[PDB]
Amino acid sequence: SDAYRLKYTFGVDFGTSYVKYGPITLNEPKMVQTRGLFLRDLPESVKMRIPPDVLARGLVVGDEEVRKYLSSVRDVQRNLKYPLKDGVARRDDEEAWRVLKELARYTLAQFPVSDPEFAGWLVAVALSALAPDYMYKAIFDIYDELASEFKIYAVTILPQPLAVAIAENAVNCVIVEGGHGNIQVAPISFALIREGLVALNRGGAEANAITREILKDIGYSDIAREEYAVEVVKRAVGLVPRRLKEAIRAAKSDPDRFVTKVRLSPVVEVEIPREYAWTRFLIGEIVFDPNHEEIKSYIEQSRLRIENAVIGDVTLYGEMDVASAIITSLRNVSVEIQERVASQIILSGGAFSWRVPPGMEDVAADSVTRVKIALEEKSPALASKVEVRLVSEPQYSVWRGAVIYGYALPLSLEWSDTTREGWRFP
Amino acid sequence: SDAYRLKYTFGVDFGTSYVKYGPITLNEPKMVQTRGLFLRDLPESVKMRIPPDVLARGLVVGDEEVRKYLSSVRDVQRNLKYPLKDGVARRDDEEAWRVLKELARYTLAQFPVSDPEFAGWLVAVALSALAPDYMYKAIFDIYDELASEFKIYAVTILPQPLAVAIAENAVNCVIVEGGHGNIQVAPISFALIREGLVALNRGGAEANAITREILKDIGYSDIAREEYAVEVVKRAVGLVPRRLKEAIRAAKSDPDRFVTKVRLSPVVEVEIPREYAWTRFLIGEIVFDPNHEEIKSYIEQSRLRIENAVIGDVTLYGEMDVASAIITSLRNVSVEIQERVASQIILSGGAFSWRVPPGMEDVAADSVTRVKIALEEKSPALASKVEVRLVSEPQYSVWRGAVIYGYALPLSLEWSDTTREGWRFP
Amino acid sequence: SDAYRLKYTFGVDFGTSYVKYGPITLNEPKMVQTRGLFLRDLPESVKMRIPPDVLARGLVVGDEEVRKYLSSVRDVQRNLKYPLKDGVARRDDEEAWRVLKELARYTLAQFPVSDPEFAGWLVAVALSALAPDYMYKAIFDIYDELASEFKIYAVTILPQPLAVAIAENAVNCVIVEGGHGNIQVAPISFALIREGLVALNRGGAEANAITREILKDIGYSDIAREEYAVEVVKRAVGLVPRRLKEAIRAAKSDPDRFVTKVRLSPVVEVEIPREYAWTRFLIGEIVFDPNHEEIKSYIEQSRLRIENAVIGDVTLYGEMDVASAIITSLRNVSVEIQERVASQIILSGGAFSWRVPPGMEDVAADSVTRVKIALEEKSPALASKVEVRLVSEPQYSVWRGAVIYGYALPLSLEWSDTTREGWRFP
Ligand SMILES: Nc1ncnc2c1ncn2[C@@H]1O[C@H](COP(=O)(O)OP(=O)(O)O)[C@@H](O)[C@H]1O
Ligand SMILES: Nc1ncnc2c1ncn2[C@@H]1O[C@H](COP(=O)(O)OP(=O)(O)O)[C@@H](O)[C@H]1O
Ligand SMILES: Nc1ncnc2c1ncn2[C@@H]1O[C@H](COP(=O)(O)OP(=O)(O)O)[C@@H](O)[C@H]1O
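Order-wise, the sequence lines are chains D, A and B. To get the entry's author numbering, take the position in the first sequence, counting from 1, and add 4. To get the entry's author numbering, take the position in the second sequence, counting from 1, and add 4. To get the entry's author numbering, take the position in the third sequence, counting from 1, and add 4.
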């Protein structure tokens with residue numbers, strides 16, 4: 005039906021960090037941190053303390069639902085699984101979708117529907133652009149299973165940048181998503197340019213890993229293991245330089261500006277010492293231009309120490325700067341239209357967030373000011389006409405696009421594997 | 005069976021001082037002071053006076069059973085064996101378990117069962133967290149031998165802090181056991197955190213040894229040798245300072261407040277003189293924070309005199325404060341949950357008992373008020389939100405947890421050496 | 005000059021345990037156990053007994069120089085500072101470099117130079133790969149101060165694995181250092197692969213801490229506090245299993261093979277009892293593969309007891325096996341060359357030492373045989389072609405590389421912070 009959509013059209017975003025979800029009726033979507041928590045090796049002592057309903061399905065997911073079941077850090081680095089490592093779950097990983105299943109299951113269960121006119125939801129999923137074929141097939145399999153439990157009339161999937169352009173309803177610009185895992189820049193002329201869509205393998209999660217290194221170098225290593233901890237630290241102590249080299253010089257001259265103290269929990273309060281105060285810049289900068297002799301040295305000597313198993317989640321080989329990303333995304337649109345499409349740049353998603361702490365504007369920079377000054381370095385003639393803008397409520401964006409897309413996607417259009425578009429029915 | 009448990013589930017605690025025991029049916033457990041009494045070198049004169057049944061097994065154990073067989077102090081410091089010196093019996097000591105055997109034998113024999121429906125007990129043992137592997141294997145060997153005498157259907161063992169958390173059924177807090185021998189602090193989130201469990205090697209028995217030194221300095225040394233004597237003295241004359249340095253200053257200014265007279269027996273009545281009246285504080289304080297230039301001097305110069313053999317049971321090297329213990333136990337749980345788990349602090353066990361004698365509240369402090377003020381000194385930001393509580397009937401606690409754990413521990417779960425959990429059958 | 009180098013080129017290694025040092029002229033370097041001994045709280049009684057020269061600088065360092073100033077164990081666990089806890093001194097610790105200063109000062113003072121042609125030394129320092137930026141800057145500050153005292157023409161610093169590859173002058177292999185604090189595995193093709201260099205945070209010092217636990221479980225705890233004591237015990241009683249599980253099974257079947265008696269001092273002679281005889285394996289094994297349900301249980305229940313302050317120096321979260329370390333270090337070199345570079349494996353450094361005591365070869369294994377059988381478990385196809393070798397004089401190695409590197413490092417090459425290579429001049 006039609007007005008049936010304005011109620012029961014149900015958007016879902018995944019991305020890496022937060023799974024943003026809700027029906028179209030919401031003003032802004034509810035969030036679930038993507039982490040699933042396994043309950044797997046349990047001393048029968050603790051199984052006595054777990055409700056047999058929760059332990060039955062073998063996981064728990066959601067912000068509040070997991071917090072209650074969290075044991076010590078050793079438990080966290082084991083049984084707390086962040087699937088969607090970057091935008092994507094490796095096929096071979098059974099634990100990867102096992103959480104996504106009950107993460108998606110948690111999503112719908114959160115919103116019951118009393119109305120007997122309810123024929124089942126309309127589930128608009130927004131995956132990352134990097135999502136391969138199997139990740140589509142896998143997640144439709146997920147919602148096919150929830151069809152037996154919940155009422156789902158139809159399921160669709162849209163690439164994440166497609167949502168944002170729909171969310172902004174912007175006519176001419178290059179969308180840039182700050183997605184935690186991946187940065188997806190797409191130009192849009194009258195709509196997405198699928199050929200010009202460019203999605204980096206880098207994201208906010210690379211700002212964690214550059215923080216997760218700092219907290220190891222300060223001797224907080226117990227804190228590093230817990231991903232929530234570096235999150236709070238990164239978000240609080242992370243900072244974006246105007247120009248990295250000029251900034252680090254500044255922070256080594258007058259560190260007292262940059263020394264910060266973050267209270268994670270009453271026991272553990274992270275003090276960024278006087279010396280490393282300049283490393284605050286590497287935290288927020290590595291999202292944008294992770295090519296510098298200053299970072300690429302600091303990341304290299306931080307790749308040496310291998311604590312548990314992982315060598316660290318980050319790439320030593322170097323990536324493309326989001327300045328160079330936007331440019332590369334534009335060379336794929338037509339020279340006719342490039343003057344128009346390169347006018348606006350919409351920054352969106354999480355990793356473009358950073359707010360300059362007050363009084364520090366002479367050195368730090370907002371994500372907006374960063375991109376604008378990033379273009380001046382590479383393509384000067386471009387940065388003249390560029391008006392770069394950050395979305396209001398950056399991370400809520402993709403979901404707002406997911407429902408609008410999900411709202412108008414004529415329901416007689418079947419999902420066909422070849423076109424990778426349209427509804428599928430259970 | 006099931007309702008069979010609500011009767012014949014049988015909890016046993018050991019700990020150092022009192023072995024707390026009984027079936028689940030009891031309101032509070034019966035106690036046996038852990039002391040075994042050897043009858044070993046007996047002039048045939050006295051063997052004539054001993055029933056040949058008692059002398060046959062070579063020991064006696066229990067409060068009333070030993071009192072009748074106690075000879076002079078020389079006999080007490082010899083043939084009265086306190087096993088479980090701290091939480092643990094050294095493997096090499098045959099006398100150590102030989103008492104525990106007949107101490108555990110005394111425990112079950114105390115409770116005969118008339119009902120022919122009785123298939124044997126369910127013995128839930130609570131050992132100290134410090135109990136090594138052999139101490140588990142040794143005590144199962146004990147109950148395997150009592151299987152031939154008594155009816156024991158199944159035997160299990162739980163670490164002592166696991167009991168308390170079950171006894172309190174507290175969801176978020178850090179348990180602190182005042183166990184006579186050892187202080188075992190564990191955080192609990194939905195249940196014990198085995199990684200965060202921290203057990204000090206210090207306990208109430210270190211408050212004896214600091215009293216046992218005082219009674220030597222007052223010239224009562226005949227009284228010191230008898231462990232029951234310092235017990236009654238410690239419990240009566242022992243006291244817990246608000247702040248040790250401020251307190252000792254007070255007690256040296258106005259000693260008449262603190263001069264006390266304890267009647268042990270009609271012959272021997274201990275008068276804490278006017279001078280040492282300040283040493284009452286070191287008695288109760290050394291349980292909490294045994295690092296002070298005032299104690300660590302007094303314990304050092306009291307380590308010099310070596311009377312019989314032992315140099316004294318106490319550590320000159322210094323230990324961790326229970327304030328620092330709780331903190332160290334929290335750094336092992338996840339920064340996510342630390343805000344919640346650090347809220348409540350449950351004090352339990354014997355060594356957190358002390359009651360301020362009336363009118364003295366301006367200087368002394370209850371164990372509760374002591375811990376709360378202990379945290380303010382170390383981790384100020386923690387002590388703001390901390391609500392610290394003492395268990396009603398502090399020492400009875402562990403047993404109450406031992407039965408509940410012993411009540412539900414599904415009986416098809418075998419004891420497996422690797423997991424160190426579950427029932428074993430004889 | 006040139007031939008001036010063949011005399012006055014002066015190598016210095018730090019590492020954790022032994023600081024190996026000497027001029028290039030030596031056959032093998034002289035050693036200094038890294039321990040500094042503070043003289044800090046001294047009763048004026050003892051200051052009368054200390055030469056005012058020694059007490060002036062406030063420390064003493066060196067094997068013989070400290071032995072003479074050692075008081076009781078309480079003094080040792082306080083005023084005997086092992087800096088470089090693992091490979092690294094925490095910035096905030098003033099006591100950390102204060103020893104390194106006079107430790108390095110002790111080093112040069114040991115070797116006076118009579119020749120008036122002597123223009124000052126050439127100091128080649130070998131730090132650990134984990135050495136951060138500040139640890140470089142700190143130690144150059146050290147040698148800048150010794151420039152006023154001694155004659156130092158030039159100072160350089162090389163990462164420790166760089167030395168070994170130079171010391172061996174091996175063309176194709178993966179160096180593995182058994183460094184007391186840390187295990188640094190690097191592949192070398194025509195030289196070090198800085199990207200493939202992988203340095204574990206585990207080392208011989210984790211074999212102490214697993215012995216330091218054993219000596220607490222045997223009741224020698226007075227002996228545990230003294231790091232020299234566990235050293236001699238570890239080196240003597242420590243043993244490396246062929247396969248840990250198969251070995252522990254063997255040692256619990258026939259303990260009389262493994263019961264050992266080590267004479268530390270005429271008073272104290274450590275008898276590893278019959279029972280724990282199997283724990284000899286955990287001593288030497290935890291260097292290699294500290295992931296086992298057998299160790300990771302024994303280390304966990306040994307982390308509970310906290311004696312003085314420290315919870316114990318060791319990581320409960322688990323580390324990477326040196327088998328998996330070598331593999332992870334190879335995935336960073338190019339698939340073209342991996343066939344060649346994975347041929348030889350040079351084991352080096354202290355923690356790869358262990359000699360099977362005679363007649364026990366059926367169960368124990370040399371460090372060589374251990375690594376070779378370690379690879380067979382993980383990467384079978386690799387272990388076929390692998391020829392693994394241990395350096396002759398394992399621990400002397402890094403210094404031998406330090407001088408050769410220090411010998412040819414063209415002196416017109418300045419130290420530049422960015423490249424982290426080359427000479428600096430005072
Ligand atoms: N105030 C902030 N400053 C810096 N980074 C932030 C801030 N708030 C959120 N973030 C980052 O944004 C990320 C959220 O992005 P997200 O929408 O999950 O991307 P996607 O869902 O596409 O993977 C978080 O992982 C976090 O690291
Ligand atoms: N009123 C009191 N004041 C101070 N200490 C007390 C008091 N009552 C009991 N105690 C101490 O508590 C101890 C009992 O603790 P207990 O339960 O035996 O510990 P565990 O059993 O774990 O070893 C006794 O040794 C005694 O010293
Ligand atoms: N025979 C031996 N058996 C086992 N371990 C040994 C033996 N000899 C020395 N070791 C260990 O080797 C270590 C020396 O390594 P070292 O060269 O100090 O490493 P680094 O200097 O890189 O820190 C000592 O700490 C000791 O524990």
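Just so you know, even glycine gets a beta-carbon here, dropped at the ideal spot from N, CA and C.
Short CB-CB distance (under 8 angstroms) between A:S338 and chain D: The residue labelled residue 338 of chain A in the question sits at position 334 within the second sequence. Closer than 8 angstroms: yes.
Minimum Cβ-Cβ distance from A:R278 to chain B less than 8 angstroms: Here residue 278 of chain A is taken as the residue at index 274 of the second sequence, counted from 1. Taking a beta-carbon distance threshold of 8 angstroms, A:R278 does not count as an interface residue toward chain B.
8 angstroms Cβ cutoff met for A:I227 and A:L268: Within the second sequence, residue 227 of chain A is the residue found at index 223, counting from 1. Within the second sequence, residue 268 of chain A is the residue found at index 264, counting from 1. Yes, the pair counts as a contact, with Cβ atoms nearer than the cut-off.
CA-to-CA distance, B:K155 to D:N212, given in whole angstroms: Here residue 212 of chain D is taken as the residue at index 208 of the first sequence, counted from 1. Here residue 155 of chain B is taken as the residue at index 151 of the third sequence, counted from 1. Looking at the two C-alpha atoms, the distance is approximately 46 angstroms.
Host alpha helix (DSSP H) of B:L112 (start-end): Taking the third sequence and counting its residues from 1, one reaches residue 112 of chain B at position 108. 98–113 is the span of the alpha helix (DSSP H), which, as asked, contains B:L112.
Same chain, Cβ closer than 8 angstroms to A:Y138, five either side skipped, listed in chain order: Walking along the second sequence from the start, residue 138 of chain A turns up at place 134. Closer than 8 angstroms at the Cβ level, and outside the excluded window around A:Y138, lie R95.
Any chain B beta carbon closer than 8 angstroms to D:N205: Mapped onto the first sequence, residue 205 of chain D falls at position 201. For D:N205, no CB of chain B lies under 8 angstroms from its own CB, so it is not counted at the interface with that chain.
Delimiting residues of the alpha helix (DSSP H) encompassing A:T283: The sequence position of residue 283 of chain A within the second sequence is 279, counting from 1. Here the alpha helix (DSSP H) through A:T283 covers 283–289.
Contacts around A:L46, its chain only, beta-carbon distance under 8 angstroms, and the 5 residues preceding and following it disregarded: Here residue 46 of chain A is taken as the residue at index 42 of the second sequence, counted from 1. Around A:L46, the same chain offers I54, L59 as residues with beta carbons nearer than 8 angstroms, after the five sequence neighbours per side are excluded.
The stretch 234–250 of chain D touching the stretch 117–135 of chain B, judged by at least three CB pairs closer than 8 angstroms: Touching, no, given that fewer than three Cβ pairs across the two stretches are closer than 8 angstroms.
Status (buried if at least 16 other CB within 10 Å, exposed otherwise) for A:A190: By one-based count along the second sequence, residue 190 of chain A stands at place 186. Answer is buried; the Cβ neighbour count reaches 16.
Residues of the stretch 223–239 of chain D whose Cβ lies closer than 7 angstroms to any Cβ of chain A, in chain order: Correct list: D226, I227, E230, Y232, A233.
Cβ shell of A:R239 (< 7 angstroms), same chain only, five flanking positions each side left out: By one-based count along the second sequence, residue 239 of chain A stands at place 235. Excluding positions up to five away in sequence, the list is empty.
Cβ-heavy atom distance, A:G183 to ligand 2, below 7 angstroms: Along the second sequence, one-based indexing puts residue 183 of chain A at 179. Checking the Cβ of A:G183 against ligand 2 gives yes.
Entirely enclosed alpha helix (DSSP H) segments - the stretch 360–387 of chain B, minimum 4 residues: Counting only unbroken stretches of 4 or more residues, the alpha helix (DSSP H) elements lying wholly within the stretch 360–387 of chain B are 371–382, in sequence order.
DSSP-derived helix/strand/coil call for A:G410: The residue labelled residue 410 of chain A in the question sits at position 406 within the second sequence. Assigned with DSSP and collapsed to three states, A:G410 falls in helix.
Given 8 angstroms, three or more beta-carbon pairs between the stretch 319–328 of chain B and the stretch 360–370 of chain B: Between the stretch 319–328 of chain B and the stretch 360–370 of chain B, the count of Cβ pairs shorter than 8 angstroms is below three; the stretches do not touch.
Any non-hydrogen atom of ligand 3 within 7 angstroms of B:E235 CB: Counted from its first residue, the third sequence places residue 235 of chain B at position 231. Yes - ligand 3 has a heavy atom lying nearer than 7 angstroms to the Cβ of B:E235.
Closer than 7 angstroms: A:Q305 CB and nearest ligand 3 heavy atom: For this step, residue 305 of chain A is matched to residue 301 along the second sequence. A:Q305 Cβ: outside cutoff for every heavy atom of ligand 3.
Rounded C-alpha distance that separates D:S49 from A:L166: Counting from 1 along the first sequence, the entry for residue 49 of chain D is found at position 45. Counting from 1 along the second sequence, the entry for residue 166 of chain A is found at position 162. Looking at the backbone, the Cα of D:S49 and that of A:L166 are separated by about 8 angstroms.
Residue interval of the beta strand (DSSP E) (run including A:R393): Position 389 of the second sequence, counting from 1, holds the residue named residue 393 of chain A. Looking at the DSSP string, the run of the beta strand (DSSP E) that includes A:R393 is 391–394.
Coil, strand or helix - A:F292 by DSSP: For the purposes of this step, residue 292 of chain A is taken as the residue at position 288 of the second sequence. Looking at A:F292 - three-state DSSP - the assignment turns out to be coil, as it is neither helix nor strand.
Per-residue burial, A:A255 [other beta carbons within 10 Å of its own, 16 or more giving buried]: On the second sequence, residue 255 of chain A is found 251 positions in, with the first residue counted as 1. Result: buried.
A:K72, DSSP secondary structure in three states: Position 68 of the second sequence, counting from 1, holds the residue named residue 72 of chain A. Three-state result, A:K72: coil.
Residue environment, D:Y321, which counts as buried when at least 16 other CB atoms sit within 10 Å: The residue given as residue 321 of chain D occupies position 317 in the first sequence. With fewer than 16 other Cβ atoms within 10 Å, it is exposed.
Segments assigned alpha helix (DSSP H), at least 4 residues, entirely inside the stretch 6–72 of chain B: Counting whole runs of 4 or more residues, the stretch 6–72 of chain B contains the alpha helix (DSSP H) stretches 7–12, 48–51, 56–61, 67–71.
C-beta contact flag for A:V266 and A:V236 at 8 angstroms: As a first step, residue 266 of chain A must be located in the second sequence, where it is residue number 262. As a first step, residue 236 of chain A must be located in the second sequence, where it is residue number 232. Yes, the Cβ-Cβ distance between A:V266 and A:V236 is below 8 angstroms.
Closest Cα partner of D:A233 within the set D:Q399, D:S396, D:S76: Locating residue 233 of chain D in the first sequence gives position 229, where the first residue counts as 1. The shortest C-alpha separation from D:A233 is found at D:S76.
A:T160, DSSP secondary structure in three states: Against the second sequence, residue 160 of chain A aligns to sequence position 156. Strand at A:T160.
Close Cβ partners of B:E391 (< 7 angstroms) along its chain, the five nearest in sequence each way excluded: Taking the third sequence and counting its residues from 1, one reaches residue 391 of chain B at position 387. Here B:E391 has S347, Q348 as same chain residues with Cβ atoms under 7 angstroms from its own Cβ, once five neighbours each way along the sequence are excluded.
Nearest candidate by alpha-carbon position, reference D:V70, set D:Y110, D:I197, D:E297: What you label residue 70 of chain D is simply residue 66 of the first sequence in a count that begins at 1. Nearest of D:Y110, D:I197, D:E297 to D:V70, Cα basis: D:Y110.
Short CB-CB distance (under 8 angstroms) between D:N31 and chain B: Locating residue 31 of chain D in the first sequence gives position 27, counting from the first residue. For D:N31, the answer is no, since every Cβ of chain B falls outside 8 angstroms of its Cβ.
Where A:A209 sits in the DSSP three-state scheme: Here residue 209 of chain A refers to the residue found at position 205 of the second sequence. DSSP places A:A209 in helix when its eight states are reduced to three.
In DSSP terms, what B:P245 is bridged to: Within the third sequence, numbered from 1, the residue matching residue 245 of chain B stands at position 241. Answer by DSSP bridge pairing, in chain order: B:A368.
Per-residue DSSP class, three states only, for A:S352: Position 348 of the second sequence, counted from the first residue, corresponds to residue 352 of chain A. Of the three classes helix, strand and coil, the one that applies to A:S352 here is strand, per DSSP.
Unbroken beta strand (DSSP E) run spanning A:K265, endpoints: As a working mapping, residue 265 of chain A is identified with position 261 in the second sequence. Element bounds for A:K265: 265–267.
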